[PDB]
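Since the structure comes first, as structure tokens, the remarks are kept for the end.
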Amino acid sequence: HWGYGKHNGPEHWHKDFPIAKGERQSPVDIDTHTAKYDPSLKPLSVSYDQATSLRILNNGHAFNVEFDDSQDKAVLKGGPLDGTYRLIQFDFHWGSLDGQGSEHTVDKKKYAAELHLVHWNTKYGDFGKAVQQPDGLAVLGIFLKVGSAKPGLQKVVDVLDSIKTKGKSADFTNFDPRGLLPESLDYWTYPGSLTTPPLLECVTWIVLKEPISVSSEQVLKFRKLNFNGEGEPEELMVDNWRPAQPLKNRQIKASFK
Ligand SMILES: [Zn+2]
């Protein structure tokens with residue numbers, strides 16, 4: 001099955017998922033000089049006050065924090081979006097070394113990691129119907145750099161010891177994802193895909209310009225997770241990023257002058 005190694009990683013994925021070589025694949029390099037300010041962008045609204053997390057899972061690729069999305073709670077709207085999109089999960093991608101780890105890049109610069117807050121368009125009723133639609137998802141992407149600690153990340157870091165291997169999961173309630181957001185909501189936006197198989201082309205990407213800082217100790221704990229399941233040879237969970245894909249016929253729009 002797919003992964004991030006030599007024989008099953010991103011260069012192989014097109015075999016089982018031919019959309020890998022599609023017209024609106026993610027991530028991409030954000031050329032900041034080529035991105036155009038768009039004054040028609042409405043203000044971005046991130047309303048996470050009533051977010052309710054359910055659990056955290058190691059899926060053998062990364063860890064997912066999954067939210068109860070049964071009520072109208074944790075909504076992203078505005079900016080490039082029409083209508084309302086509801087938070088269902090967040091996930092990270094990171095490196096073996098601080099010099100790499102992010103999926104999107106900014107003028108070719110790789111950040112130490114990247115966080116994705118995944119939301120579905122409530123016009124489509126649930127996540128599974130939404131991913132069948134070209135406007136079904138909005139992913140808020142946030143870069144992480146190594147420096148000062150992020151206090152609001154520490155609850156995630158501490159729970160990782162309990163989900164070390166593939167297939168392990170834990171309850172994970174009352175996690176507030178507002179504690180993972182930088183000060184500025186300045187962003188770039190473009191139409192793209194999920195960055196893991198099945199690579200579906202359903203996503204409006206909204207990538208924040210301002211990174212959050214996390215400490216070296218916090219990201220070292222991410223690197224202690226395992227790809228393998230319990231009782232197979234230990235392969236550390238690192239470098240679970242897909243590299244930048246061709247931009248094709250797309251334009252990246254900036255929300256800021
Ligand atoms: Zn992701």
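Here, A, B, ... name the chains of the structure tokens in the order displayed, residue numbers run from 1 inside each chain, and ligands are numbered from 1 in the same displayed order.
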Members of segment 53-230 of chain A assigned strand (DSSP E or B) by DSSP, as a PyMOL selection string
chain A and resi 53-58+63-67+75-78+85-94+105-106+109+113-121+137-146+169-171+187-192+203-208+212-214+226
Within 12 Å of ligand 1, which residues of chain A show up? Give each one with its shortest atom-to-atom distance in Å (one decimal) and the two atoms involved, counting only C-alpha atoms and all ligand atoms, rows by chain then rising residue number, as JSON lines.
{"residue": "A:26", "atom": "CA", "partner": "ligand 1", "partner_atom_place_in_ligand_line": "1 (Zn)", "distance": 10.2}
{"residue": "A:27", "atom": "CA", "partner": "ligand 1", "partner_atom_place_in_ligand_line": "1 (Zn)", "distance": 9.7}
{"residue": "A:61", "atom": "CA", "partner": "ligand 1", "partner_atom_place_in_ligand_line": "1 (Zn)", "distance": 10.0}
{"residue": "A:62", "atom": "CA", "partner": "ligand 1", "partner_atom_place_in_ligand_line": "1 (Zn)", "distance": 8.4}
{"residue": "A:63", "atom": "CA", "partner": "ligand 1", "partner_atom_place_in_ligand_line": "1 (Zn)", "distance": 9.5}
{"residue": "A:64", "atom": "CA", "partner": "ligand 1", "partner_atom_place_in_ligand_line": "1 (Zn)", "distance": 8.8}
{"residue": "A:65", "atom": "CA", "partner": "ligand 1", "partner_atom_place_in_ligand_line": "1 (Zn)", "distance": 11.2}
{"residue": "A:89", "atom": "CA", "partner": "ligand 1", "partner_atom_place_in_ligand_line": "1 (Zn)", "distance": 9.4}
{"residue": "A:90", "atom": "CA", "partner": "ligand 1", "partner_atom_place_in_ligand_line": "1 (Zn)", "distance": 7.3}
{"residue": "A:91", "atom": "CA", "partner": "ligand 1", "partner_atom_place_in_ligand_line": "1 (Zn)", "distance": 5.2}
{"residue": "A:92", "atom": "CA", "partner": "ligand 1", "partner_atom_place_in_ligand_line": "1 (Zn)", "distance": 5.6}
{"residue": "A:93", "atom": "CA", "partner": "ligand 1", "partner_atom_place_in_ligand_line": "1 (Zn)", "distance": 6.3}
{"residue": "A:94", "atom": "CA", "partner": "ligand 1", "partner_atom_place_in_ligand_line": "1 (Zn)", "distance": 10.0}
{"residue": "A:101", "atom": "CA", "partner": "ligand 1", "partner_atom_place_in_ligand_line": "1 (Zn)", "distance": 11.5}
{"residue": "A:102", "atom": "CA", "partner": "ligand 1", "partner_atom_place_in_ligand_line": "1 (Zn)", "distance": 9.7}
{"residue": "A:103", "atom": "CA", "partner": "ligand 1", "partner_atom_place_in_ligand_line": "1 (Zn)", "distance": 8.4}
{"residue": "A:104", "atom": "CA", "partner": "ligand 1", "partner_atom_place_in_ligand_line": "1 (Zn)", "distance": 10.5}
{"residue": "A:113", "atom": "CA", "partner": "ligand 1", "partner_atom_place_in_ligand_line": "1 (Zn)", "distance": 10.3}
{"residue": "A:114", "atom": "CA", "partner": "ligand 1", "partner_atom_place_in_ligand_line": "1 (Zn)", "distance": 7.6}
{"residue": "A:115", "atom": "CA", "partner": "ligand 1", "partner_atom_place_in_ligand_line": "1 (Zn)", "distance": 6.6}
{"residue": "A:116", "atom": "CA", "partner": "ligand 1", "partner_atom_place_in_ligand_line": "1 (Zn)", "distance": 5.0}
{"residue": "A:117", "atom": "CA", "partner": "ligand 1", "partner_atom_place_in_ligand_line": "1 (Zn)", "distance": 7.9}
{"residue": "A:118", "atom": "CA", "partner": "ligand 1", "partner_atom_place_in_ligand_line": "1 (Zn)", "distance": 8.0}
{"residue": "A:119", "atom": "CA", "partner": "ligand 1", "partner_atom_place_in_ligand_line": "1 (Zn)", "distance": 11.7}
{"residue": "A:138", "atom": "CA", "partner": "ligand 1", "partner_atom_place_in_ligand_line": "1 (Zn)", "distance": 11.7}
{"residue": "A:139", "atom": "CA", "partner": "ligand 1", "partner_atom_place_in_ligand_line": "1 (Zn)", "distance": 8.5}
{"residue": "A:140", "atom": "CA", "partner": "ligand 1", "partner_atom_place_in_ligand_line": "1 (Zn)", "distance": 9.7}
{"residue": "A:141", "atom": "CA", "partner": "ligand 1", "partner_atom_place_in_ligand_line": "1 (Zn)", "distance": 8.2}
{"residue": "A:142", "atom": "CA", "partner": "ligand 1", "partner_atom_place_in_ligand_line": "1 (Zn)", "distance": 10.4}
{"residue": "A:143", "atom": "CA", "partner": "ligand 1", "partner_atom_place_in_ligand_line": "1 (Zn)", "distance": 11.6}
{"residue": "A:193", "atom": "CA", "partner": "ligand 1", "partner_atom_place_in_ligand_line": "1 (Zn)", "distance": 10.3}
{"residue": "A:194", "atom": "CA", "partner": "ligand 1", "partner_atom_place_in_ligand_line": "1 (Zn)", "distance": 7.3}
{"residue": "A:195", "atom": "CA", "partner": "ligand 1", "partner_atom_place_in_ligand_line": "1 (Zn)", "distance": 6.1}
{"residue": "A:196", "atom": "CA", "partner": "ligand 1", "partner_atom_place_in_ligand_line": "1 (Zn)", "distance": 7.1}
{"residue": "A:197", "atom": "CA", "partner": "ligand 1", "partner_atom_place_in_ligand_line": "1 (Zn)", "distance": 10.6}
{"residue": "A:199", "atom": "CA", "partner": "ligand 1", "partner_atom_place_in_ligand_line": "1 (Zn)", "distance": 10.8}
{"residue": "A:203", "atom": "CA", "partner": "ligand 1", "partner_atom_place_in_ligand_line": "1 (Zn)", "distance": 11.6}
{"residue": "A:205", "atom": "CA", "partner": "ligand 1", "partner_atom_place_in_ligand_line": "1 (Zn)", "distance": 11.2}
{"residue": "A:240", "atom": "CA", "partner": "ligand 1", "partner_atom_place_in_ligand_line": "1 (Zn)", "distance": 9.3}
{"residue": "A:241", "atom": "CA", "partner": "ligand 1", "partner_atom_place_in_ligand_line": "1 (Zn)", "distance": 8.3}
{"residue": "A:242", "atom": "CA", "partner": "ligand 1", "partner_atom_place_in_ligand_line": "1 (Zn)", "distance": 9.4}
Give me the residues near residue 60 of chain A as a list in words, where near means some atom within 12 Å (using only C-alpha atoms) and where sequence neighbours in that chain fewer than 3 positions away do not count.
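So the residues in contact are residues 1, 2, 3, 4, 57, 63, 64, 163, 164, 165, 166, 167, 168, 169, 225, 226, 227, 228, 229, 230, 234, 235, 236, 237, 238 and 240 of chain A.
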Would you mind writing down, as an MDAnalysis selection string, each residue of segment 32-226 of chain A that DSSP on the backbone assigns to helix (DSSP H, G or I)?
chainID A and resid 122:124 127:130 151:163 177:180 216:222
Using only C-alpha atoms, which protein or nucleic acid residues come within 9 Å of residue 178 of chain A? Drop anything in the same chain fewer than 5 positions from it, and give the result as a PDB file with N, CA and C atoms, in the first residue's frame.
ATOM      1  N   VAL A  46     -12.741  32.341  10.179  1.00  0.00           N
ATOM      2  CA  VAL A  46     -12.388  31.084  10.816  1.00  0.00           C
ATOM      3  C   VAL A  46     -13.090  31.130  12.138  1.00  0.00           C
ATOM      4  N   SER A  47     -14.104  30.279  12.343  1.00  0.00           N
ATOM      5  CA  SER A  47     -14.973  30.348  13.536  1.00  0.00           C
ATOM      6  C   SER A  47     -14.895  29.012  14.226  1.00  0.00           C
ATOM      7  N   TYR A  48     -13.934  28.864  15.124  1.00  0.00           N
ATOM      8  CA  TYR A  48     -13.646  27.615  15.809  1.00  0.00           C
ATOM      9  C   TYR A  48     -14.073  27.509  17.292  1.00  0.00           C
ATOM     10  N   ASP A  49     -14.802  28.500  17.736  1.00  0.00           N
ATOM     11  CA  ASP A  49     -15.314  28.542  19.137  1.00  0.00           C
ATOM     12  C   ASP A  49     -15.973  27.239  19.616  1.00  0.00           C
ATOM     13  N   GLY A 152      -0.202  25.881  22.390  1.00  0.00           N
ATOM     14  CA  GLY A 152      -1.456  25.236  22.047  1.00  0.00           C
ATOM     15  C   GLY A 152      -1.282  23.935  21.305  1.00  0.00           C
TER      16      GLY A 152
END
